[PDB]
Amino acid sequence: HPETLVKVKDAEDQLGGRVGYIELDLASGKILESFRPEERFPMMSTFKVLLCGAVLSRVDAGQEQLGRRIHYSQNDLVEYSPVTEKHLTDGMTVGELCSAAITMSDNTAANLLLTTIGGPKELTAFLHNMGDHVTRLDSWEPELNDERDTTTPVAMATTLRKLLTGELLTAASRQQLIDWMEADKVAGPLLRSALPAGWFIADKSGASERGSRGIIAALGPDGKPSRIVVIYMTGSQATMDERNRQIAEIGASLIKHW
C-alpha cells in the first residue's frame, strides 16, 4: 500500500545494507522510478541470463548450435548442480544447459557455458561490445559468492532491455531467452508471490548465503511484458526469509500502483 519508493527506502531501513531498484518502460526505455540506480551491487546468479544472451548471439552468428551435445564428467561438477548432476552419461545440449542455468540456477551448467566462450572475461567483453561498460563478471561458479562480479541497477536494466527488444539478437533468439526466464522454477517467494492472475512474468533471481539477494524481471498485465524491474540488496545481516519478504512487498507496491 505505500508508494514504491517509500517501501524501498523502508526495506533498506529495516534490513541494513543497501537496496537498489529501477523500473524501466520496455517500449520507450524511459526510467519510471529508481533508487541508488548508479551504485554497484553483486549480480549473483542474475548473470546467468547475460551468459545465455552471449551464447544465443553466437548461435545468431553461426558459431554455435543450441542442439550441440556437451558431455562432461563427475570432475566438472561444482556445488548446486541439481540438473547437470543427473546427466553424467547422456550429457546436455547447449539449449538444455541454458535452460538449467536460468530456470534452476544450476552452477555447473553456467560453468560449462562459460567454457564455450572462453571464460568470465569474455562474457565481460561481450557486454562491452554491446555498450555496457559497467557490468563485469570476473569469477566462475560457485565463487562469485569489492567491485568484482557487480553491476548497477541501471546498467543491468538497460542491458536486459537491449537483449529483449533490441535488434542485437534475432527475433527467434530474443524469444528463446524470454521463454527460459518465463519458466524460472526457483523465484516463487519473490515477485511471483505478488502477481495477480493473468499477468506475464519472466525473471531470474540471485542470493548469497551471506547478505545479498536480487531479481531481474520483465512483467506486465494481459500476457505481455511491459516493464523491466531490477531489485538488488546487499550488505545486511538479515535472514533469507526477511530478504524474500521485502522483495515480495516491494513487488506488491509496484503492482498496486501500476
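The first residue of the shown sequence is 1; numbering continues from there.
Novice: Please classify the unmodelled stretch of the deposited sequence between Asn145 and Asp146: none, 1 to 3, 4 to 9, or 10 or more residues.
Specialist: Missing in between: 4 to 9 residues.
Novice: Highest mean C-alpha temperature factor of the two stretches 191-199 and 222-230, which is it?
Specialist: According to the entry, 191-199 carries the higher average C-alpha B-factor.
Novice: I need to verify one thing: averaged over C-alpha atoms only, is the B-factor higher for 205-213 or for 40-48?
Specialist: Here the higher of the two C-alpha B-factor means belongs to 205-213.
Novice: In terms of recorded Cα temperature factor, pick the maximum from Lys185, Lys121, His87, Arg161.
Specialist: Comparing C-alpha B-factors across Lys185, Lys121, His87, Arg161, the maximum falls on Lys121.
Novice: Comparing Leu26 with the other modelled residues of its chain, is its CA B-factor in the lowest, middle or highest third?
Specialist: According to the entry, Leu26 has a C-alpha B-factor in the chain's highest third.
Novice: Relative to the other modelled residues in the chain, which third contains the C-alpha temperature factor of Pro82: lowest, middle or highest?
Specialist: Middle third by C-alpha B-factor.
Novice: Just say lowest, middle or highest third for the CA B-factor of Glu167 relative to the other modelled residues in its chain.
Specialist: Its C-alpha B-factor belongs to the highest third of this chain's values.
Novice: Looking at the temperature factor on the CA atom of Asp76, which third of the chain's modelled residues does it land in?
Specialist: Ranked within chain, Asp76 CA B lands in the highest tercile.
Novice: If you rank the chain by CA B-factor, which third does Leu112 end up in: lowest, middle or highest?
Specialist: It belongs to the lowest third of the chain when residues are ordered by C-alpha B-factor.
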